[PDB]
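Visitor: Okay, handing you the structure first.
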Amino acid sequence: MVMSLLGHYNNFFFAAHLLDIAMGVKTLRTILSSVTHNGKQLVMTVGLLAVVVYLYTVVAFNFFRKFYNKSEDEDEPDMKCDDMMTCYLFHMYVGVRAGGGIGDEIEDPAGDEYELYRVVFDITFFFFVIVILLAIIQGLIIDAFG
Amino acid sequence: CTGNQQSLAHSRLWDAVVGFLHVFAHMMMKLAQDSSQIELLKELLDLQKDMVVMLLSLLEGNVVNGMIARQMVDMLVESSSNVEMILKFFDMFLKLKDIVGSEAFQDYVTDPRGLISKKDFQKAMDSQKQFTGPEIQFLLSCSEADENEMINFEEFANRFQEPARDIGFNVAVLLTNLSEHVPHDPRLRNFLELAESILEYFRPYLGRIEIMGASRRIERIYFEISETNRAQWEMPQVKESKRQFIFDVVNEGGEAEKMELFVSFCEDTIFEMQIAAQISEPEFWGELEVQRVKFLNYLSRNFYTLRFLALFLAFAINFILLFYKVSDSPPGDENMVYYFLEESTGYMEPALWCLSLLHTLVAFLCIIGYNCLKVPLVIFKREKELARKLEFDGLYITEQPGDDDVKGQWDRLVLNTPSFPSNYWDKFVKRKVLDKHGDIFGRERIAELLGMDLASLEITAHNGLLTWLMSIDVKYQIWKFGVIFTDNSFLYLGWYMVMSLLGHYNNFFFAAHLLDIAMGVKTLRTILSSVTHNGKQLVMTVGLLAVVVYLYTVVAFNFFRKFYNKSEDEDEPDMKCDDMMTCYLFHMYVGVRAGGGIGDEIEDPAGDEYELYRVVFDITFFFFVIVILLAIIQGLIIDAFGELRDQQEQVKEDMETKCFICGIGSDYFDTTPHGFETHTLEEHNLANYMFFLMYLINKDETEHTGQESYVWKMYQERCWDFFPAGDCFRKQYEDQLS
Amino acid sequence: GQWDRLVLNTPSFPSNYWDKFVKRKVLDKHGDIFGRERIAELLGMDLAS
Amino acid sequence: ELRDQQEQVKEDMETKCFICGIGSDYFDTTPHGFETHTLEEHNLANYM
Ligand SMILES: Nc1ncnc2c1ncn2[C@@H]1O[C@H](COP(=O)(O)OP(=O)(O)OP(=O)(O)O)[C@@H](O)[C@H]1O
Ligand SMILES: Nc1ncnc2c1ncn2[C@@H]1O[C@H](COP(=O)(O)OP(=O)(O)OP(=O)(O)O)[C@@H](O)[C@H]1O
Ligand SMILES: [Ca+2]
Ligand SMILES: [Zn+2]
Ligand SMILES: [Zn+2]
C-alpha cells in the first residue's frame with residue numbers, strides 16, 4: 001500500500017508491484033526462498049571470494065602495476081592499479097564477469113621479464129575464482145532450490 | 001554369593017533391621033530438637049547409610065521378580081510407621097531449605113541481621129500451605145530461638161542438609177531399585193509417593209548403567225554423579241569434542257572397535273576436565289614465580305577470544321592498507337614512493353603503526369596459550385597409545401615398527417627416559433611390561449631397552465636456578481618438541497606468528513592473515529578441504545588435460561604453424577608457434593581460458609587448403625577440453641564439497657534410528673510415547689557410562705561393589721564384554737515380566 | 001516473551017481465546033506457594049476481597 | 001555412476017553374506033559376529 005501511494009508521486013514506482021506479487025504463486029515462491037535458505041553460507045562464500053580477490057589485488061599492486069593500462073590517446077596512463085581502492089574495484093567489477101579471469105582485460109605479458117609469474121597469476125586467478133567459487137555459489141543456490 | 005545372600009534372607013536379620021529402623025526414626029526426631037548432640041545425629045545417619053548399603057548389597061543379582069526383593073518390600077511395609085517418619089524428616093527439611101530464601105518468606109523478615117523473628121515464622125510457614133500444625137511446631141522446636149526470637153534461617157536451613165545427603169541418596173537409590181524391580185506391588189506406591197520430594201532432588205545425581213552381568217544376564221547399575229563431574233561435562237569446550245568424537249566414530253569408525261574408541265574418548269575427556277580443573281580463576285623470586293603462574297592462565301582459560309581479537313586486528317590493518325597510493329614523486333628516477341592517502345585525518349598512519357605491533361603481540365600470546373592449553377592433550381594421547389602398544393601388543397620387544405610410519409621410529413626416542421610417562425596416569429607401565437615380557441625375552445635386555453634401573457637397584461618399594469638448568473630430560477624434551485612440531489595446529493600458529501613478524505618488514509604481509517584465519521569458521525572450513533578431498537584425482541585430471549593440450553600443440557606445430565600470427569605492424573610474424581615451448585605455452589595459457597577453445601584466438605582458415613582439417617582441430621579441441629575436462633574438474637570439486645556437507649548430516653541423523661551402545665535404537669523401543677527418549681536418557685546413556693568410569697576411578701578399591709569390581713577388572717584388562725550387546729534388559733525380563 | 005508481559009494485568013487479556021478464566025486457574029494453581037497478592041497484582045485481577 | 005558402482009560393491013559385503021545370503025541382520029548380535037561368520041564358517045577363500 002505504501003508503494004501504491006508512492007506510485008502517484010512517480011508513475012514508475014508501480015513496477016515493483018509487478019514482481020512483489022508475482023511470487024505469491026506456488027512455483028515462484030521457492031525461488032526467493034532458495035536465496036535465504038543458504039543465507040549463512042552465501043554471504044560467507046562471497047566474503048571468501050572478496051578476500052581472495054583482495055589478495056590478488058595486493059599482488060598485482062605490488063608487482064604488476066605496469067600492465068594495468070586501459071587507454072591509448074597520448075594521455076596514456078589511465079592507471080587502473082595506482083590506488084589500492086581503484087585496483088580492488090577493477091578486480092571486483094571486471095575480474096569475475098570476464099570468462100577468463102583478469103587475464104583477458106590486461107595486456108599481454110609476452111617478454112616482460114615477468115612472463116611466467118603473470119601467466120601463473122592469470123591461470124590461478126581463473127582456476128580459483130571463475131571455475132571454483134562461482135560454481136560453488138551456483139551449486140549452493142541450485143541445491144537449496146532442489 | 002548366592003549362598004550367603006540366601007542365608008541372610010532366611011535368618012533373623014529382618015527383625016534386627018526393623019528394630020534399627022524404629023530406633024533410628026525416633027532418635028532422628030529426638031536429637032534434632034536441641035542442636036547440641038549434632039555429632040551423635042551425624043554418626044546415627046552414617047550408621048543408617050551403612051545399613052542402607054547392606055540392604056542394597058542384598059539386591060545385587062536379583063531377578064526382576066526376585067524373592068529377596070519381595071522379602072525386602074515385606075520388611076518395609078512391616079515397619080511403615082517409621083519409614084514414614086524418616087521420609088517426612090527428609091522432606092520437611094528439604095522443603096524448609098527450598099522455602100527459605102524465596103520471596104514470600106522474605107516478605108516477613110524486617111530485622112537487619114537475618115532473623116525471621118519467631119512468632120512470625122509460624123505465619124510465614126502457614127501462608128504457604130505445605131506443612132501442618134505439628135510439622136511447624138517441630139520446625140519451631142528444632143530452631144535455636146534465644147531472646148524469644150533469634151531464628152537464623154540461613155544456618156537453620158543448611159544445618160541438616162550436608163549430614164543427611166548421603167543417607168538420603170542411598171535410600172533414594174534403594175527405593176528406585178525396589179520400584180524398578182517389583183513394579184506390580186501397590187504396597188510400594190505409597191512409599192514412592194511419600195518419597196517424591198527426595199527422589200526428585202537426587203534426579204541429576206542418580207546414574208543408571210546397564211551392563212552385561214556376571215553370569216549371563218543384563219544388570220542395571222546405580223551410582224552417584226558428582227555435581228562437579230556434571231558441571232564440567234556441560235562446559236562449551238566439551239560438547240563440541242563429544243560431537244567430533246561421534247562424527248569420527250559414525251563415519252570412519254566402523255564396527256567391532258566402537259567400544260574401544262568410546263573408552264579412549266572417555267579417558268581423553270577425563271584428562272580434559274583434569275586440565276580444566278586447574279585453569280579456573282581462583283586456582284622476591286617466589287612472588288615473581290606465582291605472579292607468572294597466575295599470568296599464564298588468562299591466556300589459557302581465554303584463548304579463542306584472543307583468536308577473535310587477532311582476526312579483528314587483521315581486518316582493521318587490511319582496511320587501513322586499502323588506502324595505499326603510489327606516485328612517482330614524494331608527497332612533499334624510478335622512485336615510485338608507496339605513501340599513504342590521508343583523506344581527512346592524519347592519525348591513520350599511527351593507527352597502522354600501533355596495530356602492527358598489537359597484532360604480533362596477540363599472535364605471540366595466542367601461540368603461548370595454545371602451548372599451555374592443547375599440547376598436554378596430544379602428549380597424553382601419544383604417551384597412552386605408546387604405553388598400551390608396549391604392554392599389551394608389544395611393538396619394540398616382540399614385533400618391530402614397519403619402517404613405513406615415522407611415528408613408530410620417533411617413539412623409540414622417548415623410551416629409556418627417566419620421565420617417559422610425564423602426562424599419562426600410569427607411571428608403572430615399565431614394571432608391567434617387564435613382568436609381562438621379561439621372562440620369554442631377556443630381562444636385562446628389556447631393562448636396558450626401557451632404561452629402568454635393574455632389579456639389583458630398584459628391587460622393591462622398601463623406601464630454581466639449578467633445578468631448571470640441570471634437572472632437564474634432554475631426550476624427552478627433544479621427543480616432545482618433535483611431537484609438538486609435527487602437530488598441524490602448532491605449525492599453523494607458528495606460521496601465523498612468523499608472518500605477523502614479517503609484516504613489520506613490509507606492511508603488505510598482513511594480507512594473508514585476512515584469509516588464513518577466516519577459514520577457522522565452520523562454513524568456510526570445508527571449502528578448502530574439498531580441494532584436497534579429491535587430491536589424488538585433481539592432479540591426475542590436470543595432468544591428463546596437460547597431455548591433451550600437448551598433443552594438440554604437437555599437431556599444430558607440425559601442420560598449422562602458418563596460422564599462429566598475433567601482430568600486424570609490418571613487423572608481422574610474431575609467431576606464437578615456432579618453438580615447441582612457445583606453442584605449448586600459448587595453448588595452455590590461452591587455449592582453455594577462451595570460451596571456444598583455441599579457434600577463437602587464431603585466424604580464420606576459410607579457403608586455405610586446410611579448412612576442414614583446422615575446423616575439425618578447433619571443434620575437437622573445444623569439445624574435448626572446454627566442455628569435458630573443465631566440467632569434470634568442476635564436478636569433482638562440487639561433488640567433494642557436497643559429500644563433505646552430507647557426511648556432516650548423516651552422522652546427525654543416524655542416532656535418531658539407532659542406539660549408540662546396544663545396537664537397535666527405534667524399531668523396538670519407540671512403541672511407547674517418548675520410548676526412544678526414555679531408552680536414551682535412563683538405560684543407555686553414553687554420558688552416564690563416562691560418569692560411571694569416573695566414579696570407578698575415583699572410588700577406592702576396597703569400597704567397590706561386586707558389579708563395580710567386575711567392571712573395573714574388565715576395564716583394567718581392556719575387555720569390553722560388559723558393554724550391552726543386542727539386549728537391553730527389556731528383551732529378557734520386561735518382554736513378559738513387565 | 002518480553003513483549004507478552006505488557007498484555008498481562010489487562011482487563012481484556014483473553015479477548016480471542018475461549019478460556020476467560022485462565023487468570024483464576026493460574027491464581028488457584030500458583031497462589032499458595034507464591035504470593036497470592038503479588039500474583040493478583042501481576043495479573044491485574046481484582047483481589048479476593 | 002561409474003565411480004559410484006565401484007563403491008556400491010565395496011559396501012554390499014558389509015551387510016550381506018557372499019554364500020548363504022543374509023549377512024549381518026542375524027549374525028552381528030554378538031561382538032565380531034559378522035567377522036566370525038566370515039572368517040570361520042563361510043569364507044570364499046576357504047572354499048577355493
Ligand atoms: N546412548 C545413546 N544411545 C542412542 N542414542 C543416543 C545416545 N546418547 C545420545 N543419543 C542420541 O543423541 C541425541 C541427543 O544427543 P545429541 O548430543 O546428539 O543432541 P543434543 O543433546 O541436542 O546436543 P548437545 O547437548 O550436544 O547440544 C538423542 O536424541 C539420540 O538420538
Ligand atoms: N564369505 C564371505 N561372506 C560374506 N562376506 C564376505 C565373505 N568373504 C569376505 N567377505 C567380505 O569381505 C570383507 C573382507 O574381504 P575384502 O577382500 O573385501 O577385504 P580386505 O581383506 O580388507 O581386502 P584385500 O585382502 O583384498 O586387500 C569382509 O569384511 C566381508 O565384508
Ligand atoms: Ca569392600
Ligand atoms: Zn540401547
Ligand atoms: Zn553365511
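In the C-alpha cells, chains take the letters A, B, ... in the order shown, each chain's residues start at 1, and ligands count up from 1 in the order shown.
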As a VMD selection string, please: every protein or nucleic acid residue near ligand 2 (cut-off 7 Å, counting only C-alpha atoms and all ligand atoms).
Guide: chain D and resid 10 13 to 14 16 to 19 23 35 38 42 to 44
Visitor: Store the residues of this selection in a file with C-alpha atoms, as a PDB file, in the first residue's frame.
Guide:
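Generated output (result26.pdb):
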ATOM      1  CA  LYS D  10      32.628 -52.262  -1.651  1.00  0.00           C
ATOM      2  CA  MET D  13      29.515 -57.180   1.594  1.00  0.00           C
ATOM      3  CA  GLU D  14      29.278 -55.315   4.913  1.00  0.00           C
ATOM      4  CA  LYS D  16      25.181 -59.459   3.174  1.00  0.00           C
ATOM      5  CA  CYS D  17      26.846 -62.875   3.103  1.00  0.00           C
ATOM      6  CA  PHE D  18      28.513 -63.846  -0.176  1.00  0.00           C
ATOM      7  CA  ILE D  19      27.453 -67.502   0.107  1.00  0.00           C
ATOM      8  CA  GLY D  23      24.994 -61.328   6.289  1.00  0.00           C
ATOM      9  CA  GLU D  35      33.778 -61.213  11.332  1.00  0.00           C
ATOM     10  CA  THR D  38      33.068 -64.581   7.550  1.00  0.00           C
ATOM     11  CA  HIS D  42      31.639 -69.060   5.288  1.00  0.00           C
ATOM     12  CA  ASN D  43      34.926 -67.981   3.687  1.00  0.00           C
ATOM     13  CA  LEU D  44      35.184 -67.956  -0.107  1.00  0.00           C
TER      14      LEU D  44
END
Visitor: Quick one: residues within 8 Å of stretch 38-48 of chain C, only C-alpha atoms, excluding same-chain residues fewer than 3 positions away - as a PyMOL selection string?
Guide: chain C and resi 8-11+23+27+31+34-35
Visitor: Kindly compile the residues surrounding ligand 3 within 10 Å, counting only C-alpha atoms and all ligand atoms, and format them as a list in words.
Guide: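 Written in the requested form, the residues are residues 700, 701, 702, 703, 704, 705, 706 and 709 of chain B.
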Visitor: Just give me the gap between atom CA of residue A:131 and atom CA of residue B:315 in Å, one decimal is fine.
Guide: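 That distance, rounded to one decimal, is 27.0 Å.
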Visitor: Enumerate the residues of chain D with a DSSP assignment of helix (DSSP H, G or I), computed from the backbone, and present them as a count of residues only.
Guide: 27
Visitor: What is the distance between atom CA of residue C:21 and atom CA of residue C:2, in Å to one decimal?
Guide: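 Atom CA of residue C:2 lies at a distance of 22.8 Å from atom CA of residue C:21.
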Visitor: Could the residues that lie within 6 Å of ligand 1, counting only C-alpha atoms and all ligand atoms, be listed as number ranges by chain?
Guide: B: 239, 655-656, 659-661, 680, 684-686
Visitor: Generate a file of the selected residues that holds N, CA and C atoms, formatted as a short mmCIF file (atom, residue, chain, number, x, y, z; two decimals), in the first residue's frame.
Guide:
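Output below, filename out00.cif:
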data_model
loop_
_atom_site.label_atom_id
_atom_site.label_comp_id
_atom_site.auth_asym_id
_atom_site.auth_seq_id
_atom_site.Cartn_x
_atom_site.Cartn_y
_atom_site.Cartn_z
N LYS B 239 31.12 -30.23 24.71
CA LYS B 239 30.08 -30.70 23.80
C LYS B 239 30.60 -30.83 22.37
N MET B 655 21.74 -41.37 14.66
CA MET B 655 21.30 -41.71 16.01
C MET B 655 19.79 -41.78 16.13
N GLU B 656 19.06 -40.95 15.38
CA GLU B 656 17.61 -40.88 15.55
C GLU B 656 16.90 -42.17 15.15
N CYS B 659 20.75 -47.14 18.33
CA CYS B 659 21.29 -46.97 19.67
C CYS B 659 22.81 -47.06 19.63
N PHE B 660 23.47 -46.08 20.26
CA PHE B 660 24.93 -45.98 20.22
C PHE B 660 25.63 -47.10 20.96
N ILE B 661 24.93 -47.87 21.79
CA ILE B 661 25.59 -48.84 22.66
C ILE B 661 25.09 -50.25 22.38
N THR B 680 17.18 -43.69 25.84
CA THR B 680 18.43 -42.93 25.76
C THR B 680 18.79 -42.27 27.08
N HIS B 684 20.47 -46.48 28.52
CA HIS B 684 21.70 -46.44 27.73
C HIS B 684 22.03 -44.99 27.41
N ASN B 685 22.88 -44.38 28.24
CA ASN B 685 23.35 -43.02 28.05
C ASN B 685 24.87 -43.03 28.10
N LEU B 686 25.51 -42.58 27.02
CA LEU B 686 26.97 -42.61 26.95
C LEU B 686 27.60 -41.70 27.99
#
Visitor: So that I can check the secondary structure, give me every residue of chain D assigned strand (DSSP E) by backbone DSSP, as an MDAnalysis selection string.
Guide: chainID D and resid 16:17 21:22
Visitor: Give me a file of those residues, with N, CA, C and O atoms, as a short mmCIF file (atom, residue, chain, number, x, y, z; two decimals), in the first residue's frame.
Guide:
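Dumped to selection33.cif:
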data_model
loop_
_atom_site.label_atom_id
_atom_site.label_comp_id
_atom_site.auth_asym_id
_atom_site.auth_seq_id
_atom_site.Cartn_x
_atom_site.Cartn_y
_atom_site.Cartn_z
N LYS D 16 25.69 -58.24 3.77
CA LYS D 16 25.18 -59.46 3.17
C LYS D 16 26.29 -60.50 3.11
O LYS D 16 27.47 -60.15 3.03
N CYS D 17 25.90 -61.77 3.16
CA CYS D 17 26.85 -62.88 3.10
C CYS D 17 26.98 -63.35 1.66
O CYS D 17 25.98 -63.59 0.98
N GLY D 21 23.65 -65.94 1.89
CA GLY D 21 22.62 -64.93 1.83
C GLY D 21 22.72 -63.86 2.90
O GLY D 21 23.53 -62.94 2.79
N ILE D 22 21.89 -63.97 3.94
CA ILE D 22 21.83 -62.95 4.98
C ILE D 22 23.19 -62.81 5.64
O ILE D 22 23.82 -63.80 6.03
#
Visitor: Select, as a VMD selection string, those residues of chain B with any atom no more than 10 Å from chain C (distances computed using only C-alpha atoms).
Guide: chain B and resid 99 102 to 105 107 126 to 130
Visitor: List the spatial neighbours of residue A:142 as a list in words - criterion: any atom at most 10 Å away, only C-alpha atoms, same-chain residues fewer than 6 positions off excluded.
Guide: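 Counting only the stated atoms, we get residues 31, 34, 35 and 136 of chain A.
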Visitor: Atoms to include: C-alpha atoms. Write the selected residues as an mmCIF file, in the first residue's frame.
Guide:
data_model
loop_
_atom_site.group_PDB
_atom_site.id
_atom_site.type_symbol
_atom_site.label_atom_id
_atom_site.label_comp_id
_atom_site.auth_asym_id
_atom_site.auth_seq_id
_atom_site.Cartn_x
_atom_site.Cartn_y
_atom_site.Cartn_z
ATOM 1 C CA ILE A 31 12.915 -19.300 -5.953
ATOM 2 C CA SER A 34 16.330 -20.574 -2.061
ATOM 3 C CA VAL A 35 18.438 -17.416 -1.685
ATOM 4 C CA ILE A 136 30.234 -23.255 -5.570
#
Visitor: Neighbours of ligand 4 within 12 Å, counting only C-alpha atoms and all ligand atoms, as an MDAnalysis selection string?
Guide: chainID B and resid 209:211 218 655 657:670 675:686 723:731
Visitor: Which residues of chain A are close to chain B, meaning at most 6 Å apart when you count only C-alpha atoms, and how do they look as a ChimeraX atom specification?
Guide: /A:82-85,100
Visitor: For the residues selected in the previous step, produce a file with N, CA and C atoms as an mmCIF file, in the first residue's frame.
Guide:
data_model
loop_
_atom_site.group_PDB
_atom_site.id
_atom_site.type_symbol
_atom_site.label_atom_id
_atom_site.label_comp_id
_atom_site.auth_asym_id
_atom_site.auth_seq_id
_atom_site.Cartn_x
_atom_site.Cartn_y
_atom_site.Cartn_z
ATOM 1 N N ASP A 82 46.799 2.097 -9.573
ATOM 2 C CA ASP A 82 47.721 3.024 -8.931
ATOM 3 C C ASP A 82 47.199 3.426 -7.560
ATOM 4 N N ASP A 83 46.094 2.826 -7.132
ATOM 5 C CA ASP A 83 45.494 3.034 -5.826
ATOM 6 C C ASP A 83 44.868 1.710 -5.426
ATOM 7 N N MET A 84 45.019 1.342 -4.154
ATOM 8 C CA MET A 84 44.524 0.044 -3.712
ATOM 9 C C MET A 84 43.013 -0.051 -3.874
ATOM 10 N N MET A 85 42.296 1.035 -3.574
ATOM 11 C CA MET A 85 40.852 1.044 -3.781
ATOM 12 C C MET A 85 40.503 0.900 -5.257
ATOM 13 N N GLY A 100 37.530 -15.410 -18.711
ATOM 14 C CA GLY A 100 38.841 -15.974 -18.462
ATOM 15 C C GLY A 100 39.604 -15.275 -17.356
#
Visitor: Looking at D:20, D:9, D:39, D:48, which one is nearest to ligand 5, with distances taken over only C-alpha atoms and all ligand atoms?
Guide: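 The closest residue to ligand 5 is D:20.
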Visitor: Please identify all polymer residues within 12 Å of residue B:111, counting only C-alpha atoms, omitting same-chain residues fewer than 3 positions from it, and present them as a list in words.
Guide: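 Result of the neighbour search: residues 106, 107, 108, 114, 115, 116, 117, 118, 120, 149, 150, 151 and 152 of chain B.
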Visitor: Could you dump the residues just selected with C-alpha atoms as a PDB file, in the first residue's frame?
Guide:
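Ended up saving to again-v5.pdb:
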ATOM      1  CA  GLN B 106      11.478 -12.875  52.656  1.00  0.00           C
ATOM      2  CA  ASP B 107       8.364 -10.671  52.791  1.00  0.00           C
ATOM      3  CA  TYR B 108       8.134 -11.313  56.557  1.00  0.00           C
ATOM      4  CA  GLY B 114      18.707 -12.016  59.143  1.00  0.00           C
ATOM      5  CA  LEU B 115      16.261 -13.069  61.868  1.00  0.00           C
ATOM      6  CA  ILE B 116      12.724 -14.164  60.990  1.00  0.00           C
ATOM      7  CA  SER B 117      11.572 -13.013  64.465  1.00  0.00           C
ATOM      8  CA  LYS B 118       9.809 -16.157  65.697  1.00  0.00           C
ATOM      9  CA  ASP B 120       6.189 -14.585  62.538  1.00  0.00           C
ATOM     10  CA  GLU B 149      13.110 -14.516  68.564  1.00  0.00           C
ATOM     11  CA  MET B 150      16.509 -15.313  67.044  1.00  0.00           C
ATOM     12  CA  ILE B 151      15.774 -17.996  64.438  1.00  0.00           C
ATOM     13  CA  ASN B 152      18.592 -17.594  61.899  1.00  0.00           C
TER      14      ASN B 152
END
Visitor: Residues within 12 Å of stretch 241-251 of chain B, please, as a ChimeraX atom specification. Count only C-alpha atoms; anything in the same chain fewer than 2 positions from it doesn't count.
Guide: /B:233-239,253-266,268-269,272-273,644,646-655,658-660,686-687,690
Visitor: Name the residues in contact with residue A:81 at a cut-off of 10 Å, using only C-alpha atoms, excluding same-chain residues fewer than 4 positions from it; report them as a PyMOL selection string.
Guide: (chain A and resi 57-58+60-62+64-69+85-91) or (chain B and resi 325-326)
Visitor: Taking 3 positions as the minimum chain separation for residues in the same chain, which residues sit within 12 Å of residue B:61 when counting only C-alpha atoms? Answer as a PyMOL selection string.
Guide: chain B and resi 1-2+5-6+56-58+64-69+177+181+211-221+705-707
Visitor: What does the structure give for the distance between atom CA of residue B:393 and atom CA of residue B:274, in Å to one decimal?
Guide: 28.0 Å
Visitor: Distance limit 9 Å, atoms considered: only C-alpha atoms. Which chain D residues sit that close to chain B? Return them as a ChimeraX atom specification.
Guide: /D:28-33,35
Visitor: With N, CA and C atoms retained, could you export that selection as an mmCIF file, in the first residue's frame?
Guide:
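Generated output (selection.cif):
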data_model
loop_
_atom_site.group_PDB
_atom_site.id
_atom_site.type_symbol
_atom_site.label_atom_id
_atom_site.label_comp_id
_atom_site.auth_asym_id
_atom_site.auth_seq_id
_atom_site.Cartn_x
_atom_site.Cartn_y
_atom_site.Cartn_z
ATOM 1 N N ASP D 28 25.403 -60.480 13.616
ATOM 2 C CA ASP D 28 26.137 -59.405 14.268
ATOM 3 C C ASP D 28 25.619 -59.102 15.669
ATOM 4 N N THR D 29 24.671 -59.893 16.176
ATOM 5 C CA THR D 29 24.163 -59.680 17.527
ATOM 6 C C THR D 29 25.235 -59.897 18.586
ATOM 7 N N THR D 30 26.289 -60.642 18.263
ATOM 8 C CA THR D 30 27.434 -60.880 19.122
ATOM 9 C C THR D 30 28.631 -60.070 18.631
ATOM 10 N N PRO D 31 29.528 -59.644 19.523
ATOM 11 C CA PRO D 31 30.675 -58.845 19.071
ATOM 12 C C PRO D 31 31.566 -59.644 18.131
ATOM 13 N N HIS D 32 32.031 -58.971 17.074
ATOM 14 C CA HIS D 32 32.785 -59.602 15.989
ATOM 15 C C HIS D 32 31.998 -60.742 15.345
ATOM 16 N N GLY D 33 30.668 -60.697 15.454
ATOM 17 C CA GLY D 33 29.854 -61.788 14.941
ATOM 18 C C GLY D 33 29.940 -61.939 13.435
ATOM 19 N N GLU D 35 32.403 -60.812 11.601
ATOM 20 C CA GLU D 35 33.778 -61.213 11.332
ATOM 21 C C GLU D 35 33.974 -62.704 11.570
#
